[PDB]
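See below for the structure under consideration.
Virtual Cβ from ideal backbone geometry, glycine too; neighbours counted across all protein chains shown. Just so you know, all these numbers are worked out from the coordinates, no wet-lab data involved.
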Amino acid sequence: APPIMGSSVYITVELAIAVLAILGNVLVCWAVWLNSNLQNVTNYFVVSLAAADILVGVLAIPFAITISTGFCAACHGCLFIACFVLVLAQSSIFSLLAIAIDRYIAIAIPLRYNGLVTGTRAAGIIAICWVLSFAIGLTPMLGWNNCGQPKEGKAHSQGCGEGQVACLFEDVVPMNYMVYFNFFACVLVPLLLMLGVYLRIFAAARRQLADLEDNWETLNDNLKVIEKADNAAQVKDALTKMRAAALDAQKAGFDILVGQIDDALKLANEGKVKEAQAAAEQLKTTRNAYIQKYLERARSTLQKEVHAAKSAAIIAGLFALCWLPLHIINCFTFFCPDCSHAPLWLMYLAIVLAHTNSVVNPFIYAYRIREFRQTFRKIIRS
Ligand SMILES: CC(C)CCC[C@@H](C)[C@H]1CC[C@H]2[C@@H]3CC=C4C[C@@H](O)CC[C@]4(C)[C@H]3CC[C@]12C
Ligand SMILES: CC(C)CCC[C@@H](C)[C@H]1CC[C@H]2[C@@H]3CC=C4C[C@@H](O)CC[C@]4(C)[C@H]3CC[C@]12C
Ligand SMILES: CC(C)CCC[C@@H](C)[C@H]1CC[C@H]2[C@@H]3CC=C4C[C@@H](O)CC[C@]4(C)[C@H]3CC[C@]12C
Ligand SMILES: CCCc1cc2c(=O)c(-c3nc(C)cs3)c(C)oc2cc1OC(C)=O
Ligand code: NA
C-alpha cells in the first residue's frame, strides 16, 4: 500500500494538532499580557510552557513531518530536526516543576512568599531552564549519536549523497540516550519529584485546614468548660489555654478577644468566679462578629489554593499521560531486541499523542480557572 496514503493521514493529523497548539497557546500568552490579575510568577512559568507548545506547532511538528519521509540529509542536520522536540519537552518539564514548587512555597510559607518569589527571579530561572533544555535535548549533537555508523545500504538505496543518511529518528538518535538519559533521568525523575511536591502540597493543606478547625473547637469547648465550672481555678485553666489558642490563630477582632480573655483571667485570679464567667460569656460576641469571619476566610483561601494546585497537577499529569506511551515504546525497542518493533502505525499514534499534549493546557485553564476563562471570552469577543 503506497506510503503516501498512510503518510497522508499522519500528516493531516499533525497539521490539525499544530493549528490547535498554536491557537490555544497564543491565547494563553495574550491573556497573560492583557490581564494584570494574571500577571504573577506562576503564570510566567505558564507562559514559558505555552511558548514551548507554540514551538511544537511551528517547529517540532513540521520537523516530525519532515523526518517521516526519511529524506536524505547530512547526519548532524538530521540530528537537529530529530532532537529539537526534546528541547521543547525538557523546557516543559522544568516549567511544570517550577509551577509545583511555586505552589508549594505559597502554601507552606505564605508569609515569606512575596519576597522570595519575585518576577525578576522567575524570569532568570526561566532563561536558565531554557538554556538547560537546549543542553539536554541537543546532547546527541555533542557526540552521543549514531552519525559515526551510518546505514550506507539504506542511504544508497535512496540515492543519498556523500555524508548523508536517510533521515530517521531511530537511525540517528541512540536508544540508550533516549531511555537512560532522556526518559529515566530527565523525564521520569522530574515527574516523580513533581508527584512528591504535590503530595506535600495537599498534605500541608490538609494539616492547615485541620489546624484551623482544631483551634476553633478549642475556643468553643473551653467556653463550655468555663460555663459550668466549680471554682475560679477551673476558669483560669480554661482561659489560659484559650489565650494560647487565640495567639496562634493570630499568627497563623483578635485584639478584642485576647483582651477579653485577659479581663476574665484577672477576675479569675482574684477568686471571683461568677464575674469571670460572665466576662467570658462576652467572648461569644467577639466570636460571632470577628473570629468566625476569619475562620471562614482562611478556610476559603486554603480551598482556593487546593483547587489551584489540583489544576496544576492535572496539567503535569496530562503531560505524563501524553508522553509515557512513546517513552514506553522506546523501552520495548531498547530493552527487548527479541520483541518485534512496534509497528509504524503505532509509532505515528504515539507521536501524535505526544504532540497532542501541546493542545491541552489552554482547555484546562479555561475549564478550571475563572480569570483565564473570562479573559479568553473578552479576547474572543472583541
Ligand atoms: C496509560 C499509558 C501511559 C500506558 C500506555 C501503554 C502502552 C504504550 C503499551 C501497552 C501495551 C504495550 C505493547 C505490548 C506488546 C508489544 C509487542 C512488542 O513486540 C512491541 C511493543 C508492544 C507493541 C508494546 C508497546 C507499548 C504498549 C502499547
Ligand atoms: C509509572 C512509571 C513508573 C512509568 C515507567 C514504567 C516503565 C519504565 C516500565 C513499565 C512497563 C515496563 C516494560 C515491561 C516489559 C518489558 C519487556 C522486557 O523484555 C524488557 C523490559 C520491558 C520493556 C519493561 C521496561 C520498563 C517498562 C516500560
Ligand atoms: C515502577 C514500575 C512500574 C517498574 C516495573 C518494571 C518491571 C516491569 C521490570 C523491572 C525489571 C524487569 C525485568 C528485568 C529482566 C528481565 C530479563 C529479560 O530476559 C526478560 C524481561 C525481564 C524479566 C524484565 C521484565 C520487566 C521487569 C520486571
Ligand atoms: C513520524 C515522525 C518522525 C519520528 C519521530 C520520532 C520521535 O520523535 C521519537 C521520539 N521519542 C521521544 C521520546 C521523543 S521524540 C521517536 C522514538 O521516534 C520517532 C520516529 C519518527 O519517525 C521516523 C520514521 O523517523
Ligand atoms: Na508542553
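In the range 231-382, the ratio of gyration radius to Kirkwood radius, Rg to Rh, stands at 1.41 when only Cα atoms are counted.
Once Rh is set to the Kirkwood radius over Cα pairs, what Stokes-Einstein translational diffusion coefficient, in µm²/s, holds for the range 78-145 at a temperature of 10 °C and a viscosity of 1.306 mPa s?
Roughly 119 µm²/s, to the nearest whole number.
What is the log10 of I(q)/I(0) for the chain, computed with the Debye formula using one identical point scatterer on each Cα and no solvent, at q = 0.07 Å⁻¹? Normalising to I(0) and taking log10 leaves -0.48. In the chain, the DSSP-assigned H stretches of four residues or longer account for a calculated mean residue ellipticity at 222 nm of -26000 deg cm²/dmol, using -39500 (n - 2.57) per stretch and the full residue count as denominator. Direction-averaged projected area, Cα convex hull, the range 201-260: 4.5 nm², rounded to one decimal.
The ratio of the alpha-carbon radius of gyration of the range 73-224 to the globular-protein estimate 2.2 N^0.38 Å is 1.64. log₁₀ I(q)/I(0) of the range 158-285 at q = 0.09, 0.10, 0.21, 0.22 Å⁻¹, via Debye over equal Cα point scatterers, no solvent, to two decimals? The Cα Debye sum returns log10 ratios of -0.49, -0.53, -1.10, -1.15. Each residue, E296 and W144, gets one label point 7 Å from its Cα in the Cβ direction; the gap between the two is 5.7 nm.
Find how much the distance from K274 to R381 grows on full extension, using 0.36 nm per residue of separation minus their present alpha carbon separation; answer in nm with one decimal.
31.8 nm
Between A1 and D338, the FRET efficiency estimated from the beta carbon spacing at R0 = 41 angstrom works out to 0.90. Coupling constants for the range 4-20 follow from the phi torsions by the Karplus curve (6.51 cos²θ - 1.76 cosθ + 1.60, θ = phi - 60°), and in residue order they are 5, 8, x, 5, 4, 5, 3, 5, 4, 4, 4, 5, 4, 4, 4, 4, 5 Hz; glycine and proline get x. Computed from phi, the 3J(HN,Hα) profile of the range 143-148 under the Karplus parametrisation 6.51, -1.76, 1.60 (θ = phi - 60°) reads x, 7, 8, 9, 5, x Hz, with x in place of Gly and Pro.
Restricted to Cα atoms, the range 150-215 shows a radius of gyration and a Dmax of 24.7, 79 angstrom. Above 22 Å lies some portion of the pair distances; for the range 1-133, what is it as a whole percent of all C-alpha pairs? Of the Cα pairs, 49 percent sit more than 22 Å apart.
Put simply, when 41-53, 8-20 are sorted by average Cβ atoms within 10 angstrom per residue, most first, you get 41-53, 8-20. Residue-wise HN-Hα couplings along the range 237-249, as the Karplus relation 6.51 cos²θ - 1.76 cosθ + 1.60 with θ = phi - 60° gives them from phi, are 5, 5, 9, 6, 6, 4, 4, 4, 6, 8, 7, 7, 6 Hz; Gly and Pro carry x.
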